[PDB]
Amino acid sequence: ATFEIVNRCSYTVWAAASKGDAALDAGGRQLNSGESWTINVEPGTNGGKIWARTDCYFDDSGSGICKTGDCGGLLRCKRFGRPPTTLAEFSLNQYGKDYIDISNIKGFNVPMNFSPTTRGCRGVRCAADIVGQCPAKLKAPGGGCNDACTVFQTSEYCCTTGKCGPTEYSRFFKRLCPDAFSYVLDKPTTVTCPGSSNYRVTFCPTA
């Protein structure tokens, strides 16, 4: 499957793509404003994610740091990123269907649209000004709006027991972005697409 990753933001981002125990494609790349990066994701990939990283520095070996979304200091991510990260999430070719979503369960850094580029389903978007509106207790000084699990580390926010409800913090994310997951047991906003669809992830879509 092909994913075109487009940075419509006015600022540079460092895109990242991983399934948690491996890179997808090259795993990460710099995208200046307006740049596009097309990656190939193997069919059957389960639990893949694409995100943006902000305010990164990398040396000539591809080692460094980002203020949001850092993946163990690597330009080419093999693992998931450090919150806060708006997440494009997907599992492909699962009994004939692909499943996609946007999640704020690990916070929000950059606005995003995640849409199919082939027929048979719809896209999702979370492009409200979550960072500007972020609750004071959730604001990440390095940038972004953390989720409440990252900040407070409670069973309720982290859904550790499997039995959690919505919270004042989850409701903040959900009010701003109804089409994204706001907590683990949110009513799902997953979209079912035809198996082997292709996609576009656009950072700052309303930019």
# chains A, B, ... in the order shown; residues from 1 in each chain; ligands from 1

$ select_by_dssp --residues "chain A" --states "strand (DSSP E or B)" --output "PyMOL selection string"
chain A and resi 2-7+13-18+23-31+36-40+48-54+57-58+63-65+68+74+87-94+97-103+108+112-116+124-126+139+145+181+191-194+199-203

$ closest_atom_pairs --of "region 123-174 of chain A" --to "region 79-97 of chain A" --cutoff "12 Å" --atoms "only C-alpha atoms" --output "Markdown table"
| residue | atom | partner | partner_atom | distance |
| --- | --- | --- | --- | --- |
| A:123 | CA | A:88 | CA | 11.0 |
| A:124 | CA | A:88 | CA | 9.4 |
| A:125 | CA | A:88 | CA | 9.6 |
| A:126 | CA | A:86 | CA | 8.4 |
| A:127 | CA | A:86 | CA | 10.1 |
| A:128 | CA | A:86 | CA | 11.7 |
| A:130 | CA | A:86 | CA | 10.3 |
| A:131 | CA | A:84 | CA | 10.2 |
| A:134 | CA | A:84 | CA | 11.7 |
| A:138 | CA | A:84 | CA | 9.7 |
| A:139 | CA | A:84 | CA | 9.4 |
| A:140 | CA | A:84 | CA | 7.5 |
| A:141 | CA | A:84 | CA | 10.6 |
| A:142 | CA | A:84 | CA | 9.5 |
| A:143 | CA | A:84 | CA | 8.1 |
| A:144 | CA | A:84 | CA | 5.8 |
| A:145 | CA | A:84 | CA | 6.0 |
| A:146 | CA | A:84 | CA | 4.9 |
| A:147 | CA | A:84 | CA | 7.1 |
| A:148 | CA | A:84 | CA | 10.5 |
| A:149 | CA | A:83 | CA | 10.2 |
| A:150 | CA | A:83 | CA | 7.4 |
| A:151 | CA | A:83 | CA | 9.9 |
| A:173 | CA | A:86 | CA | 11.0 |

$ residues_around --residues "residue 2 (chain A)" --least-positions-apart "2" --cutoff "8 Å" --atoms "only C-alpha atoms" --output "ChimeraX atom specification"
/A:4,38-41,198-199

$ residues_around --residues "residue 170 (chain A)" --least-positions-apart "2" --cutoff "10 Å" --atoms "only C-alpha atoms" --output "list in words"
residues 104, 105, 107, 147, 148, 149, 157, 165, 166, 167, 168, 172, 173, 174, 175, 181, 182, 183, 184 and 186 of chain A

$ write_last_selection --atoms "C-alpha atoms" --output "mmCIF file, in the first residue's frame"
data_model
loop_
_atom_site.group_PDB
_atom_site.id
_atom_site.type_symbol
_atom_site.label_atom_id
_atom_site.label_comp_id
_atom_site.auth_asym_id
_atom_site.auth_seq_id
_atom_site.Cartn_x
_atom_site.Cartn_y
_atom_site.Cartn_z
ATOM 1 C CA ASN A 104 -5.482 11.709 20.357
ATOM 2 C CA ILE A 105 -4.933 8.995 23.025
ATOM 3 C CA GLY A 107 -1.937 13.657 22.780
ATOM 4 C CA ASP A 147 -3.002 13.252 26.945
ATOM 5 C CA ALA A 148 -4.020 12.767 30.556
ATOM 6 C CA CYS A 149 -2.515 9.277 30.794
ATOM 7 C CA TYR A 157 -6.844 7.865 32.178
ATOM 8 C CA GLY A 165 -15.013 6.146 31.228
ATOM 9 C CA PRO A 166 -14.680 9.468 29.472
ATOM 10 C CA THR A 167 -13.072 12.207 31.517
ATOM 11 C CA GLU A 168 -12.913 15.977 31.532
ATOM 12 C CA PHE A 172 -11.591 18.277 25.631
ATOM 13 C CA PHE A 173 -9.992 16.340 22.814
ATOM 14 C CA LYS A 174 -13.346 14.948 21.690
ATOM 15 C CA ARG A 175 -15.074 18.346 21.637
ATOM 16 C CA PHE A 181 -10.191 8.674 19.477
ATOM 17 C CA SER A 182 -10.077 10.608 22.736
ATOM 18 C CA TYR A 183 -9.553 7.719 25.183
ATOM 19 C CA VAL A 184 -9.073 3.999 24.937
ATOM 20 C CA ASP A 186 -14.100 5.853 23.135
#

$ closest_residue --among "A:193, A:26, A:77, A:185" --to "residue 118 (chain A)" --atoms "only C-alpha atoms"
A:193

$ select_by_dssp --residues "region 17-147 of chain A" --states "alpha helix (DSSP H)" --output "ChimeraX atom specification"
/A:130-133

$ closest_residue --among "A:10, A:18, A:36, A:160" --to "residue 54 (chain A)" --atoms "only C-alpha atoms"
A:10

$ closest_residue --among "A:188, A:20, A:132, A:178" --to "residue 47 (chain A)" --atoms "only C-alpha atoms"
A:20

$ closest_residue --among "A:31, A:121, A:159, A:100" --to "residue 5 (chain A)" --atoms "only C-alpha atoms"
A:31

$ closest_residue --among "A:171, A:119, A:53, A:106" --to "residue 30 (chain A)" --atoms "only C-alpha atoms"
A:53
